[PDB]
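Visitor: Please read through the structure below; I'll follow up with questions.
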Amino acid sequence: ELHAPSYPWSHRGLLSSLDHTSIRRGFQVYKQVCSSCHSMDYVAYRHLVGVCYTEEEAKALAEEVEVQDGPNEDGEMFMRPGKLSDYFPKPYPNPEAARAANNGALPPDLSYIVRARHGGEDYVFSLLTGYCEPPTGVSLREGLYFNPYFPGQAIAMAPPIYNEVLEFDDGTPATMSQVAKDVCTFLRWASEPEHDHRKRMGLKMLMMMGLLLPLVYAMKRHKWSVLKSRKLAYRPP
Amino acid sequence: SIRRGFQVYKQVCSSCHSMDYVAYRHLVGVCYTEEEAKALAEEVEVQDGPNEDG
Amino acid sequence: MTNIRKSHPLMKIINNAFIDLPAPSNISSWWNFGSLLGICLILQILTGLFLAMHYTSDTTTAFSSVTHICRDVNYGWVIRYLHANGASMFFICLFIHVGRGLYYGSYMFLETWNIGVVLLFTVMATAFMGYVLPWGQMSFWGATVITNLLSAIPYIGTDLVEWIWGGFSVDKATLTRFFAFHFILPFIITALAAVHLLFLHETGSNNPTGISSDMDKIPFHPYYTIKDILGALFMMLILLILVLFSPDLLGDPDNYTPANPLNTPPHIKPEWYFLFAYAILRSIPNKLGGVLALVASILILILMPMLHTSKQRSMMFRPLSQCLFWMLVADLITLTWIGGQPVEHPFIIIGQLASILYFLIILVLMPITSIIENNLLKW
Amino acid sequence: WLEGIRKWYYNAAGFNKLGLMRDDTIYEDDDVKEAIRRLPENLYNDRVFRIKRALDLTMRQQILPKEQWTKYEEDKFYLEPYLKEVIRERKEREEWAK
Amino acid sequence: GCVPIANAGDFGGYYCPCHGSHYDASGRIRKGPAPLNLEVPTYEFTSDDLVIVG
Amino acid sequence: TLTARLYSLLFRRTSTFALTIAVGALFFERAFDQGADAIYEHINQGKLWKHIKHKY
Amino acid sequence: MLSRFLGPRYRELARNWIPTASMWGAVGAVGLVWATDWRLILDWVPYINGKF
Amino acid sequence: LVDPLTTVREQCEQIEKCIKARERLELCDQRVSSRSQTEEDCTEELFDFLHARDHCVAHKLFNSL
Amino acid sequence: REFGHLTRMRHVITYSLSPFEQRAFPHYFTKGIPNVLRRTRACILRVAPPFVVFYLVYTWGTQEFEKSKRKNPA
Ligand code: HEM
Ligand code: HEM
Ligand code: FES
């Protein structure tokens with residue numbers, strides 16, 4: 001089938017890292033577009049602190065949403081404003097409610113959706129910026145939408161990303177390609193909350209082994225030069 | 001005595017206590033026969049999982 | 001008045017093991033992998049411990065606990081990916097070790113070679129269970145596919161599966177069972193490795209030339225300790241590159257999906273270090289024959305010392321056998337490539353050809369080549 | 001003809017480059033070990049030195065200059081008679097045990 | 001052993017996604033590699049429709 | 001020669017050798033961490049949550 | 001290998017050890033049936049089959 | 001507001017490889033639609049055109065965002 | 001099997017040199033490069049052909065898969 005092209009992400013470099021302002025925009029698009037139908041329960045508002053939002057900002061975001069907290073004195077379930085430690089709200093109570101809601105289809109959890117799809121971000125980007133009319137001959141079942149990049153060539157998703165879908169606080173034009181770019185960077189971060197630190201540790205390893213290896217090699221050669229300079233002589237009678 | 005004690009639990013103690021680790025299946029072959037255990041289990045209503053509507 | 005190095009019991013054992021042990025002078029770099037195995041083992045025993053310290057074993061908390069180790073535990077992701085890719089490093093070193101033993105005729109050490117085969121089986125089983133542990137889609141479905149092979153065994157076979165599954169399918173019971181087995185097995189591997197070193201020390205290592213080197217022997221400590229340190233540095237370079245720069249290079253992305261028994265991934269492939277055998281499994285339509293060929297693909301190493309017909313021991317002076325050996329290596333690589341691709345034209349016929357050629361090379365081509373070989377040299 | 005193939009094989013084998021003779025490269029089983037023990041002292045000393053020089057060269061990953069290569073015609077056959085006798089004695093023992 | 005998807009495919013019965021085996025909406029093969037038919041359990045009909053499978 | 005005086009002062013005694021190694025590690029940690037952090041920060045200038053937190 | 005072990009006295013030794021080896025195999029068969037509790041065989045021995 | 005993706009889309013479609021894919025797909029369209037009943041579905045030529053256009057647009061585009 | 005009773009060697013003399021009086025990288029490129037070239041020349045004719053055959057088979061099989069996955073004019 002059709003595989004994704006290799007887009008030149010700012011983080012695709014060996015030592016490059018994610019664009020954290022793009023992560024900040026990506027969280028916004030997640031919260032105001034796909035939070036209605038997708039769950040990211042593995043990540044929590046705590047993780048957002050210091051990577052693309054500050055402490056107070058993340059706290060305000062948590063207070064904006066309301067979550068369920070354990071039973072009160074009367075043994076009754078109740079709502080409360082979310083704090084910095086709650087995980088991201090799940091839009092549907094049980095997965096079956098999710099499947100029955102949209103159309104017999106379960107929106108995959110986005111927490112690992114970048115590392116759970118062959119192609120990574122390039123796929124999901126091409127997924128969102130890939131909707132097109134069916135080619136002549138296809139008789140798409142009602143309630144489905146055509147997306148060539150999706151295996152099965154028939155997404156159950158509706159086109160989520162149109163122009164002016166939201167209002168970025170930075171003021172960047174929320175055009176479709178832009179919005180998809182930040183949502184994909186955010187999704188990569190969600191799937192890999194180590195990408196920043198991984199490259200830093202790798203850089204340290206490279207510039208450190210670049211002197212460790214020649215030195216241990218020199219020690220080996222120094223120790224072995226006793227044998228490698230051996231000069232044999234055979235003197236029979 | 002086990003068979004009688006189970007009834008005692010069912011009618012008196014079960015109003016406010018529980019033996020969550022014990023299922024009706026355990027009673028088969030110790031204090032109730034298989035059909036009797038079926039009848040005992042069917043006298044009560046238990047929560048189940050989500051339907052097709054969640 | 002004496003060295004406590006060569007009089008204290010533990011110190012005497014260590015001294016005879018890797019301080020004053022007479023080693024061949026001309027040992028090439030291919031021998032370093034021996035230690036590169038043990039170090040890997042130690043690393044695998046180490047990191048796995050720190051994984052078992054934040055890993056539950058229930059199907060409702062397996063994947064979640066793994067994600068917890070990756071995202072929340074301080075520096076936990078380093079340990080997790082270090083384990084996942086140190087497994088691949090372990091198997092790369094294992095395959096290169098087996099290749100070295102095959103090429104230089106080290107299988108003449110019968111006890112050490114057989115113990116090595118046992119170690120290979122144990123390591124493969126341990127890695128299989130470990131890959132089952134994180135309870136991904138790949139994990140669950142590969143476990144089902146692999147264990148369902150035992151249904152092919154006549155009579156007892158079905159029962160055996162229900163025994164290992166602890167029920168009717170890979171489920172809650174099997175996950176914890178595999179956790180316990182994956183924990184215990186590496187210590188058995190360590191014991192067998194100690195026995196292996198014992199057996200090897202009773203005869204001494206074999207040099208690349210294949211000839212006895214009792215005249216040119218050097219002490220192990222001043223030379224091969226630093227050689228092994230360099231080897232460990234290189235292996236750490238490769239492993240750390242893998243973990244730090246491209247961790248999900250040798251894995252499969254579908255393993256990052258919670259195991260759902262009601263849906264299978266587009267492809268069901270095992271870990272890479274198993275594909276070479278999986279392709280052989282796929283070669284024969286007869287399921288029982290497939291399982292038998294799967295076992296024989298590894299058990300052939302047992303027969304390998306018997307098939308040795310060449311007057312010489314190694315392959316240093318056997319160009320024809322050298323081309324045969326590299327044909328075998330290319331064949332194994334071909335089987336590994338075939339395993340990944342689905343069961344379609346032309347992968348099916350290529351897989352059958354590769355599987356046939358593997359046994360043809362090991363059992364027939366090599367002994368006949370050695371027979372021609374001796375004749376070409378007056379003996 | 002065949003001897004040309006044999007000479008090509010001797011050249012491509014590589015043990016000539018190390019100064020080794022044919023019999024130095026043989027695997028040392030029990031029969032070969034007993035044959036080596038049976039060797040006269042003067043032959044044994046040359047065998048040991050040739051083997052040690054070859055191991056040295058392989059340790060440093062080198063070969064002798066082209067002039068000091070054991071030629072195919074000069075490749076004597078010292079271990080062959082002793083190995084043949086040892087094999088004959090072993091065959092006699094096995095036949096008697098039969 | 002790849003679980004086939006619901007009633008769809010070439011004829012409409014099944015479509016096994018792993019290596020493309022077809023089965024009609026009876027477990028019976030009609031296309032693809034699909035060595036044999038899908039194997040049917042020891043079903044037991046109760047009253048109405050609550051079939052006790054196995 | 002600088003190397004000769006350095007050897008006589010530091011490397012002759014294995015105890016002074018170990019002390020030299022220890023202090024060298026102490027200072028090398030700072031030097032290397034500073035250098036590596038500076039390089040990584042320079043390569044990815046303007047992208048980490050330290051060149052942009054000032055905007056919030 | 002097989003050239004050496006194919007002998008008159010070698011087959012004679014095989015014949016000598018045939019009874020011990022064969023009824024060692026019988027020992028193994030009975031032990032396997034017992035430990036496994038092989039019902040297929042144990043249904044025919046008179047007293048033991050009463051267990052099932 | 002205009003999409004930079006859209007802007008780069010026609011520029012990438014103005015490519016010889018994309019051009020060839022265009023009339024391939026168009027001919028397939030006539031073949032499929034003209035016939036009363038056919039399962040031969042022009043997804044293959046659509047996929048070729050998409051692969052060409054998307055490999056083109058991958059190099060571009062990202063330096064406009 | 002310890003040093004002292006491994007074998008019996010006579011009339012051999014070996015001369016060595018302290019590691020502190022000889023270079024640890026003696027002509028690492030003056031004779032390193034020609035030695036490497038000889039080593040690879042004396043082994044490539046036996047190593048390469050199997051892997052080159054595998055590469056041909058790989059590319060042929062992959063393109064066979066690709067152009068067997070297309071549509072057949074019918
Ligand atoms: C658990 C993994 C293993 C460990 C830790 C291990 C350990 C070792 C070590 C340290 C050596 C000495 C270094 C060397 O010669 O390479 C060695 C030698 C050897 N091993 Fe292994 N080994 C392992 C697996 C195997 C396997 C799978 C085989 C093959 C069946 C094998 C066969 C041999 C042989 C034949 C030797 C002697 C090599 C020679 O003399 O040239 N080993 N082993
Ligand atoms: C013989 C050496 C070992 C090998 C080859 C090995 C291999 C593996 C593999 C392949 C995995 C799956 C990695 C993945 O999720 O992708 C794994 C997981 C695991 N192993 Fe091991 N292992 C070894 C030793 C150990 C030991 C000794 C322990 C216990 C101390 C251990 C504990 C674990 C745990 C807890 C996991 C689950 C965590 C995870 O999968 O990331 N392992 N192992
Ligand atoms: S598993 Fe059903 S066809 Fe491949």
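Simple scheme: letters A, B, ... for chains in structure tokens order, numbers from 1 for residues in each chain, numbers from 1 for ligands in the order shown.
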What residues have any atom no more than 6 Å from ligand 2 when counting only C-alpha atoms and all ligand atoms, and can you list them as a list in words?
Guide: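 Taking only C-alpha atoms and all ligand atoms into account, the residues around ligand 2 at most 6 Å away are residues 41, 44, 45, 48, 49, 51, 52, 55, 80, 84, 87, 123, 126, 127, 130, 131, 133, 134, 183 and 186 of chain C.
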Visitor: List as a list in words the protein and nucleic acid residues lying within 7 Å of ligand 3, with only C-alpha atoms and all ligand atoms counted.
Guide: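 The residues near ligand 3 are residues 1, 2, 3, 4, 16, 17, 18, 19, 20, 21, 33 and 34 of chain E.
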Visitor: Put those residues in a file: C-alpha atoms, as a short mmCIF file (atom, residue, chain, number, x, y, z; two decimals), in the first residue's frame.
Guide:
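File out_23.cif, as written:
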data_model
loop_
_atom_site.label_atom_id
_atom_site.label_comp_id
_atom_site.auth_asym_id
_atom_site.auth_seq_id
_atom_site.Cartn_x
_atom_site.Cartn_y
_atom_site.Cartn_z
CA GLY E 1 -4.77 -18.47 13.59
CA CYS E 2 -5.25 -14.81 12.69
CA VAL E 3 -8.80 -13.98 13.69
CA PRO E 4 -10.85 -13.14 10.58
CA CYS E 16 -8.39 -13.28 7.31
CA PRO E 17 -5.99 -10.31 7.32
CA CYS E 18 -2.73 -12.12 8.12
CA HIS E 19 -2.25 -14.18 4.95
CA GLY E 20 -5.51 -13.58 3.13
CA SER E 21 -7.63 -16.68 3.75
CA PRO E 33 -5.02 -20.39 1.12
CA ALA E 34 -7.46 -21.28 3.92
#
Visitor: Got a sec: who's within 12 Å of residue 11 (chain H), counting only C-alpha atoms, leaving out chain neighbours fewer than 2 positions off, as a ChimeraX atom specification?
Guide: /H:4-9,13-16,18-19,53-54,56-57,60-61
Visitor: 7 Å from ligand 1 is the threshold here; counting only C-alpha atoms and all ligand atoms, which polymer residues fall inside it? Answer as JSON, numbers by chain.
Guide: {"C": [31, 32, 33, 34, 35, 37, 38, 41, 94, 97, 98, 101, 104, 106, 107, 109, 112, 113, 114, 115, 116, 117, 119, 120, 123, 189, 193, 196, 197, 200, 204, 205, 206, 207, 301]}
Visitor: Let's have the selection written as an mmCIF file, in the first residue's frame, with N, CA and C atoms.
Guide:
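So again-v8.cif came out as:
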data_model
loop_
_atom_site.group_PDB
_atom_site.id
_atom_site.type_symbol
_atom_site.label_atom_id
_atom_site.label_comp_id
_atom_site.auth_asym_id
_atom_site.auth_seq_id
_atom_site.Cartn_x
_atom_site.Cartn_y
_atom_site.Cartn_z
ATOM 1 N N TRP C 31 37.385 -14.299 19.211
ATOM 2 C CA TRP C 31 37.219 -14.926 20.511
ATOM 3 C C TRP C 31 36.674 -13.975 21.564
ATOM 4 N N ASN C 32 36.855 -12.664 21.391
ATOM 5 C CA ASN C 32 36.370 -11.716 22.384
ATOM 6 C C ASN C 32 34.893 -11.895 22.667
ATOM 7 N N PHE C 33 34.119 -12.309 21.663
ATOM 8 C CA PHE C 33 32.684 -12.469 21.833
ATOM 9 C C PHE C 33 32.347 -13.384 22.994
ATOM 10 N N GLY C 34 33.203 -14.363 23.291
ATOM 11 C CA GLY C 34 33.007 -15.148 24.496
ATOM 12 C C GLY C 34 32.702 -14.276 25.696
ATOM 13 N N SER C 35 33.650 -13.418 26.071
ATOM 14 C CA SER C 35 33.394 -12.507 27.177
ATOM 15 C C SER C 35 32.256 -11.557 26.848
ATOM 16 N N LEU C 37 29.698 -12.211 25.476
ATOM 17 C CA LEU C 37 28.487 -12.886 25.910
ATOM 18 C C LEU C 37 28.302 -12.730 27.409
ATOM 19 N N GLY C 38 29.309 -13.125 28.188
ATOM 20 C CA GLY C 38 29.172 -13.077 29.631
ATOM 21 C C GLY C 38 28.823 -11.691 30.131
ATOM 22 N N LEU C 41 25.353 -11.115 29.455
ATOM 23 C CA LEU C 41 24.584 -11.842 30.454
ATOM 24 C C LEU C 41 24.515 -11.060 31.751
ATOM 25 N N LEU C 94 25.921 -14.163 20.406
ATOM 26 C CA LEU C 94 25.714 -15.607 20.405
ATOM 27 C C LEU C 94 25.886 -16.191 19.011
ATOM 28 N N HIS C 97 29.447 -16.090 18.026
ATOM 29 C CA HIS C 97 30.176 -17.119 18.757
ATOM 30 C C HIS C 97 29.985 -18.490 18.131
ATOM 31 N N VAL C 98 28.748 -18.829 17.778
ATOM 32 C CA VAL C 98 28.501 -20.113 17.135
ATOM 33 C C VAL C 98 29.212 -20.174 15.793
ATOM 34 N N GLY C 101 32.889 -20.844 16.450
ATOM 35 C CA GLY C 101 33.119 -22.234 16.803
ATOM 36 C C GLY C 101 33.004 -23.150 15.604
ATOM 37 N N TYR C 104 36.361 -22.279 12.904
ATOM 38 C CA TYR C 104 37.686 -22.704 13.321
ATOM 39 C C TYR C 104 37.694 -24.091 13.934
ATOM 40 N N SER C 106 36.210 -25.435 16.413
ATOM 41 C CA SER C 106 36.223 -25.540 17.862
ATOM 42 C C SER C 106 35.259 -26.592 18.376
ATOM 43 N N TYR C 107 34.402 -27.138 17.515
ATOM 44 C CA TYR C 107 33.463 -28.154 17.964
ATOM 45 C C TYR C 107 34.145 -29.471 18.285
ATOM 46 N N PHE C 109 36.009 -29.797 20.663
ATOM 47 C CA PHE C 109 35.798 -29.825 22.109
ATOM 48 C C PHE C 109 34.350 -30.240 22.345
ATOM 49 N N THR C 112 32.333 -28.959 25.598
ATOM 50 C CA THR C 112 32.043 -27.535 25.541
ATOM 51 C C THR C 112 31.041 -27.224 24.441
ATOM 52 N N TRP C 113 31.148 -27.896 23.298
ATOM 53 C CA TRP C 113 30.213 -27.635 22.209
ATOM 54 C C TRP C 113 28.793 -28.039 22.591
ATOM 55 N N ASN C 114 28.633 -29.218 23.196
ATOM 56 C CA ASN C 114 27.298 -29.642 23.606
ATOM 57 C C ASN C 114 26.732 -28.721 24.677
ATOM 58 N N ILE C 115 27.565 -28.328 25.643
ATOM 59 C CA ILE C 115 27.110 -27.388 26.659
ATOM 60 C C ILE C 115 26.705 -26.074 26.010
ATOM 61 N N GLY C 116 27.433 -25.660 24.974
ATOM 62 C CA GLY C 116 27.051 -24.463 24.251
ATOM 63 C C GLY C 116 25.700 -24.597 23.581
ATOM 64 N N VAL C 117 25.415 -25.769 23.018
ATOM 65 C CA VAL C 117 24.102 -25.981 22.413
ATOM 66 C C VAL C 117 23.009 -25.872 23.469
ATOM 67 N N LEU C 119 23.177 -24.123 26.191
ATOM 68 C CA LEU C 119 23.077 -22.705 26.515
ATOM 69 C C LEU C 119 22.287 -21.956 25.456
ATOM 70 N N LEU C 120 22.486 -22.304 24.187
ATOM 71 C CA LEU C 120 21.743 -21.655 23.114
ATOM 72 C C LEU C 120 20.251 -21.898 23.265
ATOM 73 N N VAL C 123 18.981 -19.829 26.282
ATOM 74 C CA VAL C 123 18.923 -18.401 25.998
ATOM 75 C C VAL C 123 17.749 -18.089 25.086
ATOM 76 N N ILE C 189 21.356 -20.368 33.185
ATOM 77 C CA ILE C 189 22.301 -20.063 32.116
ATOM 78 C C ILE C 189 23.671 -19.744 32.693
ATOM 79 N N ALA C 193 27.073 -21.700 32.035
ATOM 80 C CA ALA C 193 28.243 -20.995 31.523
ATOM 81 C C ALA C 193 29.473 -21.300 32.360
ATOM 82 N N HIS C 196 30.587 -24.586 31.354
ATOM 83 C CA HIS C 196 31.188 -24.466 30.036
ATOM 84 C C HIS C 196 32.631 -24.006 30.127
ATOM 85 N N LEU C 197 32.883 -22.983 30.937
ATOM 86 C CA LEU C 197 34.247 -22.516 31.122
ATOM 87 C C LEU C 197 35.113 -23.597 31.744
ATOM 88 N N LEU C 200 35.974 -26.065 28.936
ATOM 89 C CA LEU C 200 36.932 -25.476 28.011
ATOM 90 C C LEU C 200 38.321 -25.407 28.626
ATOM 91 N N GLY C 204 41.847 -26.125 26.975
ATOM 92 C CA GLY C 204 42.448 -24.919 26.453
ATOM 93 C C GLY C 204 41.810 -24.481 25.146
ATOM 94 N N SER C 205 41.937 -23.190 24.863
ATOM 95 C CA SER C 205 41.290 -22.623 23.692
ATOM 96 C C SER C 205 41.968 -23.095 22.410
ATOM 97 N N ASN C 206 41.269 -22.902 21.299
ATOM 98 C CA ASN C 206 41.763 -23.249 19.976
ATOM 99 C C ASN C 206 42.097 -21.973 19.220
ATOM 100 N N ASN C 207 43.284 -21.925 18.631
ATOM 101 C CA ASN C 207 43.711 -20.754 17.885
ATOM 102 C C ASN C 207 43.110 -20.760 16.482
ATOM 103 N N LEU C 301 23.717 -28.514 15.411
ATOM 104 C CA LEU C 301 25.014 -28.226 16.005
ATOM 105 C C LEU C 301 25.532 -29.411 16.805
#
Visitor: Residues of chain H near chain A: apply a cut-off of 6 Å, count only C-alpha atoms, and supply the list as an mmCIF file with N, CA, C and O atoms, in the first residue's frame.
Guide:
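Output file result-v7.cif is given in full below:
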data_model
loop_
_atom_site.group_PDB
_atom_site.id
_atom_site.type_symbol
_atom_site.label_atom_id
_atom_site.label_comp_id
_atom_site.auth_asym_id
_atom_site.auth_seq_id
_atom_site.Cartn_x
_atom_site.Cartn_y
_atom_site.Cartn_z
ATOM 1 N N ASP H 3 -4.001 27.484 2.679
ATOM 2 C CA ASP H 3 -3.132 26.434 3.194
ATOM 3 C C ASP H 3 -1.811 26.419 2.438
ATOM 4 O O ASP H 3 -1.816 26.288 1.209
ATOM 5 N N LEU H 5 0.145 23.950 2.485
ATOM 6 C CA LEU H 5 0.079 22.621 1.891
ATOM 7 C C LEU H 5 -0.605 22.681 0.534
ATOM 8 O O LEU H 5 -0.074 22.182 -0.462
ATOM 9 N N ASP H 29 -9.770 6.092 -15.159
ATOM 10 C CA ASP H 29 -11.103 6.571 -14.816
ATOM 11 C C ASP H 29 -12.073 6.303 -15.956
ATOM 12 O O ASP H 29 -13.188 5.823 -15.729
ATOM 13 N N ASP H 41 -12.250 0.885 -9.846
ATOM 14 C CA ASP H 41 -11.228 0.782 -8.816
ATOM 15 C C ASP H 41 -9.879 1.163 -9.408
ATOM 16 O O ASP H 41 -9.138 0.310 -9.889
ATOM 17 N N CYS H 42 -9.567 2.455 -9.368
ATOM 18 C CA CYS H 42 -8.296 2.971 -9.853
ATOM 19 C C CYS H 42 -7.333 3.274 -8.715
ATOM 20 O O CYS H 42 -6.589 4.256 -8.782
ATOM 21 N N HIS H 55 6.087 12.433 -2.129
ATOM 22 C CA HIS H 55 7.538 12.505 -2.049
ATOM 23 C C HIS H 55 8.031 13.872 -2.492
ATOM 24 O O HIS H 55 9.027 14.379 -1.965
ATOM 25 N N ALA H 58 7.131 16.405 0.447
ATOM 26 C CA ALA H 58 7.881 16.221 1.683
ATOM 27 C C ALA H 58 9.109 17.121 1.718
ATOM 28 O O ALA H 58 9.401 17.749 2.739
#
Visitor: When the cut-off is 8 Å and we count only C-alpha atoms, which residues of chain A are near chain D, given as a list in words?
Guide: residues 228, 232 and 234 of chain A
Visitor: What would the file look like if the residues just selected were written as a compact mmCIF listing (two decimals), in the first residue's frame with C-alpha atoms?
Guide:
# COMPACT_ATOMS: atom_id res chain seq x y z
CA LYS A 228 54.09 -7.82 18.65
CA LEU A 232 62.12 -15.34 17.21
CA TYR A 234 65.89 -20.97 16.03
Visitor: How far is it from CA of residue 278 (chain C) to CA of residue 294 (chain C), in Å with one decimal?
Guide: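 Between these atoms lies a distance of 7.4 Å.
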Visitor: Mind pulling up the distance from CA of residue 20 (chain D) to CA of residue 74 (chain D)?
Guide: 11.5 Å
Visitor: Quick one: pick out all helix (DSSP H, G or I) residues within region 135-214 of chain A from a backbone DSSP run and write them as a PyMOL selection string.
Guide: chain A and resi 176-191+195-214
Visitor: Find the spatial neighbours of residue 32 (chain D), counting only C-alpha atoms, within a cut-off of 7 Å - ignore same-chain residues fewer than 4 positions away - and output them as a PyMOL selection string.
Guide: chain D and resi 28+36+83
Visitor: Selected residues, N, CA and C atoms, written as a CSV table (one decimal), in the first residue's frame, please.
Guide:
chain,number,residue,atom,x,y,z
D,28,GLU,N,45.2,-32.7,15.6
D,28,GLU,CA,45.9,-33.6,16.5
D,28,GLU,C,44.9,-34.4,17.3
D,36,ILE,N,53.2,-37.8,16.6
D,36,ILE,CA,54.1,-36.6,16.9
D,36,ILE,C,55.0,-37.0,18.0
D,83,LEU,N,52.5,-41.6,11.0
D,83,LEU,CA,51.0,-41.6,11.1
D,83,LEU,C,50.5,-42.9,10.5
Visitor: Have a look at A:83, A:180, A:46, A:104 and name the one nearest to residue 6 (chain E); count only C-alpha atoms.
Guide: A:104
Visitor: Could you give me, as number ranges by chain, the residues within 7 Å of residue 28 (chain B), counting only C-alpha atoms and dropping anything in the same chain fewer than 5 positions from it?
Guide: B: 33-34, 37
Visitor: Please list as a PyMOL selection string every residue within 10 Å of residue 24 (chain C), counting only C-alpha atoms and excluding residues in the same chain fewer than 2 positions away.
Guide: (chain C and resi 21-22+26-28+204-208+212-220) or (chain D and resi 55+59)
Visitor: With N, CA and C atoms retained, could you export that selection as an mmCIF file, in the first residue's frame?
Guide:
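Ended up saving to result26.cif:
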data_model
loop_
_atom_site.group_PDB
_atom_site.id
_atom_site.type_symbol
_atom_site.label_atom_id
_atom_site.label_comp_id
_atom_site.auth_asym_id
_atom_site.auth_seq_id
_atom_site.Cartn_x
_atom_site.Cartn_y
_atom_site.Cartn_z
ATOM 1 N N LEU C 21 45.789 -18.403 33.320
ATOM 2 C CA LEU C 21 45.393 -19.465 32.414
ATOM 3 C C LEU C 21 46.183 -19.355 31.116
ATOM 4 N N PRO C 22 46.840 -20.419 30.673
ATOM 5 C CA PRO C 22 47.582 -20.348 29.410
ATOM 6 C C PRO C 22 46.659 -20.209 28.214
ATOM 7 N N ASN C 26 47.974 -16.360 19.341
ATOM 8 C CA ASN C 26 47.405 -15.791 18.131
ATOM 9 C C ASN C 26 45.888 -15.765 18.141
ATOM 10 N N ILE C 27 45.268 -15.691 19.314
ATOM 11 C CA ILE C 27 43.815 -15.639 19.377
ATOM 12 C C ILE C 27 43.341 -14.368 18.693
ATOM 13 N N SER C 28 42.478 -14.521 17.695
ATOM 14 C CA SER C 28 41.996 -13.379 16.940
ATOM 15 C C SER C 28 40.913 -12.649 17.728
ATOM 16 N N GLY C 204 41.847 -26.125 26.975
ATOM 17 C CA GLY C 204 42.448 -24.919 26.453
ATOM 18 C C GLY C 204 41.810 -24.481 25.146
ATOM 19 N N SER C 205 41.937 -23.190 24.863
ATOM 20 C CA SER C 205 41.290 -22.623 23.692
ATOM 21 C C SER C 205 41.968 -23.095 22.410
ATOM 22 N N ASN C 206 41.269 -22.902 21.299
ATOM 23 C CA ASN C 206 41.763 -23.249 19.976
ATOM 24 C C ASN C 206 42.097 -21.973 19.220
ATOM 25 N N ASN C 207 43.284 -21.925 18.631
ATOM 26 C CA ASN C 207 43.711 -20.754 17.885
ATOM 27 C C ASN C 207 43.110 -20.760 16.482
ATOM 28 N N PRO C 208 43.133 -19.618 15.788
ATOM 29 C CA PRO C 208 42.592 -19.591 14.420
ATOM 30 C C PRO C 208 43.219 -20.607 13.487
ATOM 31 N N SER C 212 47.536 -27.100 17.614
ATOM 32 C CA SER C 212 47.832 -26.983 19.033
ATOM 33 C C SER C 212 48.924 -25.950 19.250
ATOM 34 N N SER C 213 48.681 -25.031 20.176
ATOM 35 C CA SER C 213 49.584 -23.919 20.427
ATOM 36 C C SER C 213 50.197 -24.003 21.815
ATOM 37 N N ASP C 214 50.472 -25.217 22.290
ATOM 38 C CA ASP C 214 51.034 -25.379 23.624
ATOM 39 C C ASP C 214 52.420 -24.766 23.746
ATOM 40 N N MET C 215 53.094 -24.508 22.628
ATOM 41 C CA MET C 215 54.419 -23.906 22.696
ATOM 42 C C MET C 215 54.344 -22.386 22.807
ATOM 43 N N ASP C 216 53.445 -21.748 22.056
ATOM 44 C CA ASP C 216 53.287 -20.295 22.103
ATOM 45 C C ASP C 216 52.052 -19.947 22.927
ATOM 46 N N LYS C 217 52.188 -20.065 24.241
ATOM 47 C CA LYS C 217 51.122 -19.725 25.170
ATOM 48 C C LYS C 217 51.537 -18.520 25.997
ATOM 49 N N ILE C 218 50.583 -17.636 26.261
ATOM 50 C CA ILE C 218 50.860 -16.413 27.008
ATOM 51 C C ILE C 218 49.905 -16.337 28.192
ATOM 52 N N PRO C 219 50.287 -15.692 29.291
ATOM 53 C CA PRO C 219 49.362 -15.558 30.417
ATOM 54 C C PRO C 219 48.154 -14.728 30.026
ATOM 55 N N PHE C 220 47.012 -15.067 30.616
ATOM 56 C CA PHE C 220 45.771 -14.400 30.247
ATOM 57 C C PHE C 220 45.729 -12.966 30.757
ATOM 58 N N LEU D 55 52.308 -19.361 14.447
ATOM 59 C CA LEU D 55 51.405 -18.739 15.407
ATOM 60 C C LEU D 55 51.780 -17.288 15.654
ATOM 61 N N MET D 59 49.410 -14.137 14.875
ATOM 62 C CA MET D 59 49.100 -13.179 15.928
ATOM 63 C C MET D 59 49.290 -11.758 15.432
#
Visitor: What's around region 25-38 of chain A at 9 Å? Count only C-alpha atoms, leave out sequence neighbours fewer than 6 positions away in its own chain, and write the answer as a PyMOL selection string.
Guide: chain A and resi 48+52+88-92+98+102+106-110+160-161+165-166+168-170+179-187
Visitor: Compute the chain D side of the contact with chain G at 12 Å, counting only C-alpha atoms, and hand it back as a list in words.
Guide: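 The answer, sorted by residue number, is residues 90, 91, 92, 93, 94, 95, 96, 97 and 98 of chain D.
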